[PDB]
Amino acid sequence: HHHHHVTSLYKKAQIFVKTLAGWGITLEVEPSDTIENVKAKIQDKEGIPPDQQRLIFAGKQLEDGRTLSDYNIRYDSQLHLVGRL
């Protein structure tokens, strides 16, 4: 929210992720990241716990061990967020 934006301004230093609700946040990351820590990035921007998420690229449910490069994601790779149950 406001905090996420303000914190970025002071960072020493683009992809989209959509939900079935209509809205979709846009994250900034480097493809070295795993799945686990990107869930945290969502925890930060929108206040959703990392447990409470399923991440899906190319219609395939994504694994924690692998990285973004290991699942061939690129700049502006559209991702999909649906709640865990």
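Throughout, we count residues from 1 along the sequence that is shown.
Undergrad: Using none, 1 to 3, 4 to 9 or 10 or more, say how many deposited residues go missing between residue 13 and residue 14.
TA: In the record, 4 to 9 residues between residue 13 and residue 14 lack coordinates.
Undergrad: Using only the Cα atoms and their B-factors as the entry lists them, report which of 15 to 23 and 65 to 73 averages higher.
TA: Comparing 15 to 23 with 65 to 73, the higher mean C-alpha B-factor belongs to 65 to 73.
Undergrad: Between 44 to 52 and 29 to 37, which has the larger average Cα B-factor in the PDB entry?
TA: For C-alpha atoms only, the mean B-factor is higher in 29 to 37.
Undergrad: If you rank the chain by CA B-factor, which third does residue 5 end up in: lowest, middle or highest?
TA: Answer is lowest: the recorded C-alpha B-factor places it there.
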